[PDB]
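Coordinate analysis (summary)
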Amino acid sequence: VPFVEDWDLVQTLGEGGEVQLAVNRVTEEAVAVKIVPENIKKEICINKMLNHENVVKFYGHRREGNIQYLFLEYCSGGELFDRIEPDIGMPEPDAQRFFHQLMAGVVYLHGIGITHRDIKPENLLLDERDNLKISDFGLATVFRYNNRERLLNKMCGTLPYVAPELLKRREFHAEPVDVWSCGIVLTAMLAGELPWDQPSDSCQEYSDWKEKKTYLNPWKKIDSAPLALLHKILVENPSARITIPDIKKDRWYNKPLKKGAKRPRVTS
Ligand SMILES: NC(=O)c1ccccc1-c1ccc2c(c1)Nc1ccccc1NC2=O
């Protein structure tokens, strides 16, 4: 079938090079095209690994000289970031559903030995049905290979979402770092604000949290059941921090809160 390989670039999705919303000339299928060294070669390689309903799908890549094109799943719902109302958050059942989907995605990634390393609401994309998808594997790396764990040492992520061990220790396990960023994402969804600039003793807000001053913001806006979960996630010691199998056993995580998607109905 002719022209099925042609895509029109219709809108800029952000700055990374750049990312464009591409529409197929024949089928009108929407895809996200990432337009760009060894850093992109690693992103393509990790993306070729990924196959999950809560992970942005990689369709392929093409090279045209110095320009590399990455064909990725387009998520029409945009970023989770824009579902968070400043200093308010979002309804608790929506945040619980987004957190369930975030956990399923992170369980998948850790299962194949991949750590994202930069989980934040700007990277958590939503599809047409508001299904959360983990995106941007530009800072992602392999932490388990041939069933052997590789401890990490590289400084990366975004400071409000980074685990405290990254700023304090030379080496750290990959998985508790992603669990921590997920907890900061959960905090943002329920309070509409970030708890600290960075998780260090020099940060008053971080010291207040370790001293359990939950009568202060953002913790005052958060109900006791999700707050009890945040108390288990945001634990300074990464070895004492709750693992994902135990997050799945938490009382709020298993609390019936949200109704299914409004399905059409008639009466009489
Ligand atoms: N998250 C990314 O991979 C990315 C990296 C750098 C710059 C932009 C993006 C990006 C890619 C795709 C989307 C996106 C940002 N966000 C977005 C914003 C508004 C509407 C739709 C989308 N969907 C998307 O699928």
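Residues numbered from 1 in each chain as written, not as in the entry; some residues may be left out. Heavy atoms only, no water. Residues with missing side-chain atoms left out of burial classes, pairs and counts.

Under the PDB entry, the name given to the protein is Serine/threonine-protein kinase Chk1, and the source organism is Homo sapiens. The title field of the PDB entry reads "Crystal Structure of the CHK1".

Annotation from UniProt places "active site" at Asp-118. As for its position among the elements, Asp-118 is in the loop between β7 (114-115) and β8 (124-126). For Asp-118, a relative accessible area of 12% puts it in the buried group. Setting aside its immediate chain neighbours within four residues, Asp-118 contacts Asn-123, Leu-139, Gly-157 and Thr-158. (UniProt positions renumbered as here; feature names shortened; annotations may be inferred. Helix = DSSP H or I, 4+ residues; strand = E, 2+ residues; numbered from the N terminus. Buried < 20%, exposed > 50% of the residue type's maximum accessible area, 1.4 Å probe, protein only. Contact = heavy atoms within 4.5 Å.)

Let us look at helix α2 (residues 92-111). The end-to-end C-alpha distance of α2 is 28 Å, a good match for the 28 Å that 20 residues give at a rise of 1.5 Å each. Looking one or two residues beyond α2, the residue adopting positive phi is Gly-113, at roughly 75 degrees. (Expected span 1.5 Å × (residues − 1).)

Within the largest apolar cluster, 58 residues are counted, with the highest numbers of intra-cluster contacts made by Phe-99, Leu-102, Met-189, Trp-196 and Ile-247. Take this core: its biggest share by element is eleven residues, from helix α4 (residues 175-191). The residues that make up this core include at least three from each of domain 1 (1-85) and domain 2 (86-268). Aside from chain neighbours lying at most four places away, what touches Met-189 is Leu-80, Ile-84, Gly-89, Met-90, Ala-95, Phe-98 and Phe-99. Ranked by size, the runner-up nonpolar core spans ten residues in total, among them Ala-32, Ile-40, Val-56 and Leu-125. (Core = buried A, V, L, I, M, F, W, Y, C linked by side-chain atoms within 4.5 Å. Domains from an automatic or database assignment.)

Time to look at the site of the ligand. Near the ligand the following residues occur: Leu-13, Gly-14, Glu-15, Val-19, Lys-34, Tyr-74, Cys-75, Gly-78, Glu-79, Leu-125, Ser-135 and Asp-136. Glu-79 places a side-chain nitrogen or oxygen 3.4 Å from a nitrogen atom of the ligand. Separating a nitrogen atom of the ligand from a side-chain N or O atom of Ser-135 is a distance of 2.9 Å. Those elements that provide at least two residues to the shell around the ligand are β1 (7-15) and β6 (78-79). (Near = heavy atom within 4 Å. Polar contact = N/O pair within 3.5 Å; in protein donor to acceptor, adjacent residues only side chain to side chain.)

So, on to the domain arrangement of the protein. Segmenting the protein into domains produces domain 1 (1-85) and domain 2 (86-268). For domain 1 and domain 2, the distance between their C-alpha centres works out to 25 Å. Each partner contributes to the interface: domain 1 provides 24 residues, whereas domain 2 provides 35 residues. Both faces considered, domain 1 and domain 2 share a buried interface measuring about 2,600 Å² in area, 61% of it formed by carbon and sulfur atoms. On the domain 1 side of the interface with domain 2, the three residues burying the most area are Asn-54, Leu-80 and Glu-85, jointly 27% of the side's total. The interface formed by domain 1 and domain 2 holds three salt bridges in total. (Buried area = accessible area lost by both parts, 1.4 Å probe. Salt bridge = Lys/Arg side-chain N within 4 Å of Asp/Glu carboxyl O.)

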